[PDB]
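Shown next: entry.txt, given as compact mmCIF, C-alpha atoms.
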# COMPACT_ATOMS: atom_id res chain seq x y z
CA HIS A 65 -58.68 31.55 -37.00
CA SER A 66 -56.90 28.67 -38.74
CA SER A 67 -57.09 29.22 -42.53
CA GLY A 68 -55.42 31.89 -44.63
CA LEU A 69 -55.31 32.07 -48.42
CA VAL A 70 -58.46 30.21 -49.52
CA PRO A 71 -59.27 29.82 -53.24
CA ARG A 72 -62.33 31.52 -54.67
CA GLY A 73 -63.89 31.69 -58.13
CA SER A 74 -65.43 35.16 -58.05
CA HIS A 75 -62.04 36.79 -58.57
CA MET A 76 -61.98 40.57 -58.87
CA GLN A 77 -59.27 41.42 -61.39
CA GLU A 78 -56.09 42.65 -59.68
CA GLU A 79 -56.37 46.04 -61.38
CA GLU A 80 -59.86 46.77 -60.03
CA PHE A 81 -58.88 45.59 -56.54
CA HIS A 82 -55.97 48.05 -56.35
CA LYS A 83 -58.15 51.05 -57.28
CA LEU A 84 -60.83 50.36 -54.66
CA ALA A 85 -58.39 49.33 -51.93
CA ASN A 86 -55.97 52.23 -52.53
CA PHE A 87 -58.81 54.76 -52.50
CA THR A 88 -60.42 53.33 -49.35
CA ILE A 89 -57.15 53.14 -47.42
CA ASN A 90 -56.14 56.67 -48.46
CA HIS A 91 -59.51 58.06 -47.32
CA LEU A 92 -59.11 56.35 -43.93
CA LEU A 93 -55.59 57.74 -43.43
CA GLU A 94 -56.70 61.33 -44.04
CA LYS A 95 -59.81 61.20 -41.83
CA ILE A 96 -58.20 59.41 -38.87
CA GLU A 97 -55.34 61.92 -39.02
CA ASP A 98 -57.83 64.75 -38.44
CA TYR A 99 -59.30 62.69 -35.59
CA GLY A 100 -55.95 62.76 -33.79
CA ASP A 101 -55.88 66.55 -33.95
CA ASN A 102 -59.33 66.98 -32.36
CA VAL A 103 -58.80 64.44 -29.56
CA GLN A 104 -55.76 63.97 -27.32
CA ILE A 105 -54.68 60.33 -27.02
CA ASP A 106 -51.33 59.91 -25.30
CA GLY A 107 -49.23 58.07 -27.86
CA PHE A 108 -51.41 58.73 -30.91
CA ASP A 109 -49.59 57.85 -34.13
CA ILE A 110 -50.98 56.93 -37.56
CA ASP A 111 -48.71 56.05 -40.48
CA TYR A 112 -48.55 54.11 -43.74
CA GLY A 113 -45.65 52.17 -45.23
CA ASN A 114 -44.89 48.95 -47.14
CA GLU A 115 -48.64 48.51 -47.79
CA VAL A 116 -49.64 48.44 -44.10
CA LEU A 117 -51.61 51.11 -42.23
CA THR A 118 -50.74 51.49 -38.54
CA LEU A 119 -52.75 53.35 -35.89
CA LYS A 120 -51.19 53.45 -32.42
CA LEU A 121 -53.66 54.64 -29.77
CA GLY A 122 -51.06 54.71 -27.00
CA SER A 123 -51.76 52.34 -24.13
CA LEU A 124 -55.10 51.45 -25.79
CA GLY A 125 -53.58 49.19 -28.46
CA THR A 126 -52.71 49.20 -32.15
CA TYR A 127 -54.77 48.82 -35.32
CA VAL A 128 -53.18 47.20 -38.38
CA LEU A 129 -54.65 47.21 -41.89
CA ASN A 130 -53.12 45.75 -45.03
CA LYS A 131 -54.07 44.46 -48.47
CA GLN A 132 -53.97 40.72 -49.11
CA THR A 133 -53.76 40.75 -52.89
CA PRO A 134 -54.01 36.95 -53.49
CA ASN A 135 -57.38 36.89 -51.68
CA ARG A 136 -58.67 40.24 -53.05
CA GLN A 137 -59.33 41.33 -49.46
CA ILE A 138 -58.53 43.98 -46.87
CA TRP A 139 -57.35 42.47 -43.58
CA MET A 140 -57.63 44.21 -40.21
CA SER A 141 -56.31 43.43 -36.74
CA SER A 142 -58.09 45.28 -33.94
CA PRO A 143 -57.44 45.68 -30.20
CA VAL A 144 -61.21 45.44 -29.59
CA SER A 145 -62.42 42.65 -31.88
CA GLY A 146 -59.29 40.94 -33.22
CA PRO A 147 -59.08 39.72 -36.82
CA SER A 148 -61.48 40.25 -39.70
CA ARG A 149 -61.49 40.02 -43.49
CA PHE A 150 -63.43 42.30 -45.84
CA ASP A 151 -64.68 41.67 -49.37
CA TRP A 152 -65.99 44.22 -51.85
CA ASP A 153 -69.76 43.95 -52.33
CA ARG A 154 -70.96 45.25 -55.69
CA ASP A 155 -74.58 45.63 -54.54
CA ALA A 156 -73.84 47.43 -51.25
CA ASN A 157 -70.81 49.39 -52.56
CA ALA A 158 -68.86 48.74 -49.35
CA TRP A 159 -66.34 46.41 -47.73
CA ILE A 160 -68.10 43.68 -45.74
CA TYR A 161 -66.94 41.08 -43.21
CA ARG A 162 -69.12 38.19 -44.37
CA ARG A 163 -68.88 36.24 -41.10
CA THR A 164 -70.90 38.96 -39.33
CA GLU A 165 -72.06 41.28 -42.20
CA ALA A 166 -70.50 44.34 -40.53
CA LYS A 167 -69.44 47.14 -42.87
CA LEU A 168 -65.81 48.24 -42.60
CA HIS A 169 -66.29 51.99 -42.19
CA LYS A 170 -69.25 51.60 -39.81
CA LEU A 171 -67.31 49.15 -37.63
CA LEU A 172 -64.34 51.50 -37.21
CA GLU A 173 -66.77 54.33 -36.47
CA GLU A 174 -68.37 52.26 -33.69
CA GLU A 175 -65.16 51.02 -32.07
CA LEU A 176 -63.20 54.30 -32.10
CA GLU A 177 -66.05 56.17 -30.38
CA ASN A 178 -66.14 53.59 -27.58
CA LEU A 179 -62.36 53.79 -27.14
CA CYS A 180 -61.71 57.54 -27.40
CA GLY A 181 -65.08 59.01 -26.39
CA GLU A 182 -65.50 61.26 -29.43
CA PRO A 183 -67.35 60.38 -32.65
CA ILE A 184 -65.89 60.19 -36.14
CA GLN A 185 -67.49 60.02 -39.59
CA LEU A 186 -65.67 57.67 -41.99
CA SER A 187 -68.66 56.93 -44.27
CA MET B 76 -45.97 40.76 -17.05
CA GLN B 77 -44.79 44.31 -16.40
CA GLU B 78 -45.37 46.64 -19.34
CA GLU B 79 -41.65 47.44 -19.21
CA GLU B 80 -40.60 43.78 -19.37
CA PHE B 81 -43.05 43.13 -22.22
CA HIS B 82 -41.48 45.86 -24.35
CA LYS B 83 -37.96 44.52 -23.73
CA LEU B 84 -38.62 40.92 -24.80
CA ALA B 85 -40.93 41.76 -27.71
CA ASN B 86 -38.45 44.27 -29.15
CA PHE B 87 -35.71 41.64 -28.82
CA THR B 88 -37.77 38.88 -30.45
CA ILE B 89 -38.99 41.02 -33.35
CA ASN B 90 -35.55 42.54 -34.00
CA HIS B 91 -33.87 39.13 -33.91
CA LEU B 92 -36.40 37.89 -36.47
CA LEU B 93 -35.83 40.93 -38.70
CA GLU B 94 -32.08 40.37 -39.10
CA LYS B 95 -32.41 36.65 -39.83
CA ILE B 96 -35.11 37.09 -42.48
CA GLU B 97 -32.91 39.71 -44.16
CA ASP B 98 -30.05 37.21 -44.36
CA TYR B 99 -32.51 34.59 -45.63
CA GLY B 100 -33.64 36.85 -48.47
CA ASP B 101 -30.05 37.31 -49.63
CA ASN B 102 -29.33 33.56 -49.78
CA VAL B 103 -32.55 32.56 -51.59
CA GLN B 104 -34.16 33.97 -54.73
CA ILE B 105 -37.71 35.15 -54.03
CA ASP B 106 -39.23 37.33 -56.75
CA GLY B 107 -40.52 40.39 -54.91
CA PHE B 108 -38.89 39.86 -51.52
CA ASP B 109 -39.15 42.94 -49.30
CA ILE B 110 -38.94 43.10 -45.50
CA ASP B 111 -39.18 46.30 -43.47
CA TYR B 112 -39.78 47.55 -39.94
CA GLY B 113 -41.37 50.81 -38.83
CA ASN B 114 -43.65 52.25 -36.13
CA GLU B 115 -43.23 48.98 -34.18
CA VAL B 116 -44.68 46.78 -36.96
CA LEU B 117 -42.80 44.10 -38.90
CA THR B 118 -43.84 43.50 -42.51
CA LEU B 119 -42.65 40.65 -44.75
CA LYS B 120 -43.82 40.76 -48.37
CA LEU B 121 -43.09 37.52 -50.25
CA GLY B 122 -44.14 38.87 -53.64
CA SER B 123 -47.17 37.18 -55.18
CA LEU B 124 -47.23 34.73 -52.24
CA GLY B 125 -48.75 37.16 -49.71
CA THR B 126 -47.72 39.35 -46.80
CA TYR B 127 -46.82 38.60 -43.18
CA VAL B 128 -47.57 41.19 -40.48
CA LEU B 129 -46.25 41.08 -36.91
CA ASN B 130 -46.80 43.69 -34.20
CA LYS B 131 -46.92 44.13 -30.45
CA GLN B 132 -50.32 44.29 -28.73
CA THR B 133 -49.31 46.12 -25.57
CA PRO B 134 -52.64 45.93 -23.64
CA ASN B 135 -52.61 42.12 -23.93
CA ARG B 136 -48.83 41.63 -23.43
CA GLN B 137 -48.83 39.63 -26.66
CA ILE B 138 -47.23 39.44 -30.08
CA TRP B 139 -49.81 39.20 -32.88
CA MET B 140 -49.11 37.71 -36.30
CA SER B 141 -51.09 37.59 -39.54
CA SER B 142 -49.97 34.98 -42.05
CA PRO B 143 -50.90 34.24 -45.68
CA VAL B 144 -50.65 30.51 -44.88
CA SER B 145 -52.31 30.15 -41.46
CA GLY B 146 -53.96 33.50 -40.71
CA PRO B 147 -54.07 35.00 -37.22
CA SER B 148 -52.38 33.89 -34.01
CA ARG B 149 -51.58 35.25 -30.54
CA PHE B 150 -48.40 34.51 -28.58
CA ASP B 151 -47.64 34.61 -24.85
CA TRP B 152 -44.21 34.48 -23.23
CA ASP B 153 -43.50 31.22 -21.37
CA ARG B 154 -40.72 31.53 -18.80
CA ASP B 155 -39.90 27.80 -18.71
CA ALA B 156 -39.67 27.25 -22.48
CA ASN B 157 -38.18 30.70 -23.23
CA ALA B 158 -40.40 31.15 -26.28
CA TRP B 159 -43.64 32.72 -27.48
CA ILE B 160 -46.55 30.27 -27.43
CA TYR B 161 -49.95 30.24 -29.15
CA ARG B 162 -51.93 28.57 -26.36
CA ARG B 163 -54.72 27.43 -28.69
CA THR B 164 -52.27 25.13 -30.50
CA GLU B 165 -49.06 25.22 -28.36
CA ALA B 166 -47.01 26.31 -31.38
CA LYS B 167 -43.81 28.25 -30.75
CA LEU B 168 -43.51 31.50 -32.68
CA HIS B 169 -40.04 30.90 -34.13
CA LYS B 170 -40.64 27.23 -34.98
CA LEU B 171 -43.87 28.09 -36.80
CA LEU B 172 -42.16 30.70 -39.00
CA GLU B 173 -39.30 28.27 -39.72
CA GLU B 174 -41.70 25.67 -41.14
CA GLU B 175 -43.77 27.98 -43.34
CA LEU B 176 -40.86 29.85 -44.94
CA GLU B 177 -39.15 26.56 -45.81
CA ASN B 178 -42.34 25.23 -47.43
CA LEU B 179 -42.73 28.50 -49.34
CA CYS B 180 -39.12 29.12 -50.38
CA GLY B 181 -37.66 25.60 -50.43
CA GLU B 182 -34.68 26.37 -48.18
CA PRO B 183 -34.37 25.84 -44.40
CA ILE B 184 -33.86 28.65 -41.91
CA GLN B 185 -32.66 29.02 -38.31
CA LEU B 186 -34.71 31.53 -36.29
CA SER B 187 -33.92 30.19 -32.80

Take the structure in the file and write it out as structure tokens.
Amino acid sequence: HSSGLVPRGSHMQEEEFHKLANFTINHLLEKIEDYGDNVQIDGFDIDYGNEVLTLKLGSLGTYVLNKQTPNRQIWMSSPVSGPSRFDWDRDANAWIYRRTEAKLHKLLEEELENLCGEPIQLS
Amino acid sequence: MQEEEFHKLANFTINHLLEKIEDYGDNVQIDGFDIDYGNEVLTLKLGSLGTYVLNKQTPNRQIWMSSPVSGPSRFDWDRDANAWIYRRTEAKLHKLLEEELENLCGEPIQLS
């Protein structure tokens, strides 16, 4: 909660990072948009622009996701768990927060069900 | 803090910041400068240097910021100082952004 851009030697080439990150973020936008149609959250609003993904859950809070290209990471701010950073794991084929080993899609699945009462499948 | 009062101040603080960083981008030369606001989120892309994100967290009555230099922070409104404060470090929101942009872009800025 004090450092930002930290150098690393296992540097995924910028081209490969954009493919994986663009595909993952696009998948999330489509599936969470369907989620808003099947549940009724007062103030629901998901949108993408200037490389940031924004999910407003009304009075429940706001999710923010964005690419941090210098670090080769996806960054997320959550109303439930705060900040986290995700790296691509070539052996698991998923985005992982190494401080806790939580997978990105499974974490959003777990938190959204607790907040809105209905399940979602982002895997 | 009343939810109504939180929305007033936070909209004022974020909007004030947006206009001043737009003027700053015109008077300095940053390759890839791009600032924008939409759906209550403020985004500052400094090209290859990274991306700032600021947004209101209404349940907590806080402004949240993600920085490529210092990472995450949370700000509360202090009625005696008239500023947003990160209580873990006592940093003011506008003074913190002033220091990092000057270090990054070489020119000073006035966000107060």

Chain A contacts to chain B at 7 Å (only C-alpha atoms) as an MDAnalysis selection string:
chainID A and resid 65:69 123:126 132:134 147

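One finds atom CA of residue 159 of chain A at 16.9 Å from atom CA of residue 72 of chain A.
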
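Across B:136, B:96, B:182, B:89, the tightest approach to residue 77 of chain B is made by B:136 when counting all atoms listed in the file.
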
Taking only C-alpha atoms into account, which of B:187, B:161, B:138, B:171 comes nearest residue 86 of chain B?
B:138

Name the closest residue to residue 81 of chain B among the candidates B:94, B:151, B:101, B:177; distances are taken between atoms, counting all atoms listed in the file.
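Closest to residue 81 of chain B of all the choices is B:151.
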
Considering only C-alpha atoms, can you say which of A:78, A:182, A:158, A:92 comes closest to residue 118 of chain A?
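Going through A:78, A:182, A:158, A:92 one by one, the smallest distance to residue 118 of chain A is for A:92.
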
Just to confirm, what's the straight-line distance from atom CA of residue 121 of chain A to atom CA of residue 90 of chain A in Å (one decimal)?
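Distance reported for this atom pair: 19.0 Å.
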
Just want the 9 Å neighbourhood of segment 93-102 of chain A, counted on only C-alpha atoms, with same-chain residues fewer than 5 positions away dropped. Output as a PyMOL selection string.
chain A and resi 88+108-112+117+119+182-186

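One finds atom CA of residue 164 of chain B at 21.8 Å from atom CA of residue 149 of chain A.
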
With all atoms of segment 103-108 of chain A from the file as input, state the centre and edge lengths in Å to one decimal of the axis-aligned box that has 3 Å extra on each side, as JSON.
{"center_x": -54.0, "center_y": 61.3, "center_z": -28.1, "size_x": 15.6, "size_y": 12.4, "size_z": 11.6}

Around the point (-41.1, 31.0, -27.5), in the coordinates given by the file, pick out the residues reaching within 8 Å, counting all atoms listed in the file, and return them as a VMD selection string.
chain B and resid 151 to 153 156 to 160 167 to 169

B:105, B:176, B:84, B:184: which is nearest residue 154 of chain B, counting all atoms listed in the file?
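The closest residue to residue 154 of chain B is B:84.
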